[PDB]
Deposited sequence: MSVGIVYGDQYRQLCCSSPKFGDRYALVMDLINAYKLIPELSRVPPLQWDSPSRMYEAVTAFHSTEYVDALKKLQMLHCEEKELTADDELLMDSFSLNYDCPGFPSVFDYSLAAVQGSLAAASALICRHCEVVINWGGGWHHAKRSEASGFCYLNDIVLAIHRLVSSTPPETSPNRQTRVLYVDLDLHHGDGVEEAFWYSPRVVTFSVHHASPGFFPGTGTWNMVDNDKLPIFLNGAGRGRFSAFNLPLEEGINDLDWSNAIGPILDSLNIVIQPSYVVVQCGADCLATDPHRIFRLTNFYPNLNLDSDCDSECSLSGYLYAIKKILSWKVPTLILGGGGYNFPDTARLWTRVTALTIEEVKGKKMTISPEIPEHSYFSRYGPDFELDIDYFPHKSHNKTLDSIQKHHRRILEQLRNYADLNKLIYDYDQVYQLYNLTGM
């Protein structure tokens, strides 16, 4: 019922203004349009503020005044650096892996604009599900920029998320290869927003969080999962993996969270760093139809009949990221609108066609205990969280999932 997608001319220009990603958003958008999926999707234009003060209020709802001012100064100055300017940019980590360029603030803000527009569309009940491939930056902190993430659109969108109903709870699920540290930290003390991440964790791997907590004692390391009343609310799955193993690792956890928490809204990060074709070469996820962990997770999330917001994020293989996200968009249309879509395995000729070689197939050119202990730990954590928040559940079906 009226799936949503976020795109616009200025949105296209500014989302494709990052030297790291280049024209990834342009390729993704052109691949959705080339398969004639745009007429099956409702346009959600990015949200604009009537005054710069309103934008400041919206952004600083999570971030700090000094950080936003420093990012604006970086954008202004890049359009040499003084010693004090270098010092201030280093203090906020506005360099190194987050380099400056003339459109840092504009692009980082456009991502938040799209995410907040999707949030408003979900709240107003205009769209059952809204999609935004220009956002999904889960590494941005209050007073820090990490992993080319300057503004955390996810945190602000979740915060923005009335009928009589009752207390509102939002379930965040992160499928990026890297840990959702920013969203977890933002809602570390909040039980209403339940943050879950599935990621790779190895020593020296960015960021190194979402795994066993290293402390100074002889006891075995444990998993930190919140504080105060937001304790036991942060869930993380660190994995050392193919589509089937990833699907079996994710399924029971997300089903248990949906059953227990009973959230009003769901927000999914679909960063494409887990693809086997990704240059990082960590996980072995694909985009294949016959039954891909991405598609399985998305379908199982959509099966809950809960309003959902899908975001992009990580991914360096722009054509294959576009293939994955186009398949995800088509499957969302099929699941929500109830209208099947027959995606042509041969990629239609379009603008960026030349970059989808050399086989020009929709499927990507790739030819293909820890988990049970993790399952038990997350099951106990979910039990503790449910008892802490006094949630009603049978404690029998959830065990049967595992």
property: Parts of the chain sequence, as deposited, that carry no C-alpha coordinates in this structure; result: 80-82, 165-171, 251-252, 304-316, 394-401, 436-440
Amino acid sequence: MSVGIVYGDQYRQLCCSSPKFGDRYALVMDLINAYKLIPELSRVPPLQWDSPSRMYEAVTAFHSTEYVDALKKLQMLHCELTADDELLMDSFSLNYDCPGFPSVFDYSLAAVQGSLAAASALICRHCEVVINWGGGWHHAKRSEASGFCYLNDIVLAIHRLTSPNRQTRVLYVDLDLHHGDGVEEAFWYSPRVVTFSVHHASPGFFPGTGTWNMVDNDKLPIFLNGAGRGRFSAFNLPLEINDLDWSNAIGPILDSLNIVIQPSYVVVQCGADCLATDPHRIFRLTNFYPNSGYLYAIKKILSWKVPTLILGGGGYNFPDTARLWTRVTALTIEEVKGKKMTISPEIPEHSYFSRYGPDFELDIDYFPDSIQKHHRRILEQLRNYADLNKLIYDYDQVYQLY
From here on, numbers count along this sequence of modelled residues.
{"property": "Residue 216 not built in a third or more of the other entries", "result": "yes"}
{"property": "No coordinates for residue 165 in a third or more of the other PDB entries", "result": "yes"}
{"property": "Residue stretch of maximal mean CA temperature factor, 176-184 vs 215-223", "result": "215-223"}
{"property": "Selected stretch [higher average CA B-factor]: 14-22 or 390-398", "result": "390-398"}
{"property": "Ranked C-alpha temperature factor of residue 280 among modelled chain residues, by third", "result": "middle"}
{"property": "Chain-wide C-alpha B factor ranking for residue 133, given as lowest, middle or highest third", "result": "lowest"}
{"property": "Position of residue 107 among the chain's modelled residues by C-alpha B-factor, lowest, middle or highest third", "result": "middle"}
{"property": "CA B-factor ranking of residue 344, expressed as a third of its chain", "result": "highest"}
{"property": "Residue 71, C-alpha B-factor rank within chain (lowest, middle or highest third)", "result": "middle"}
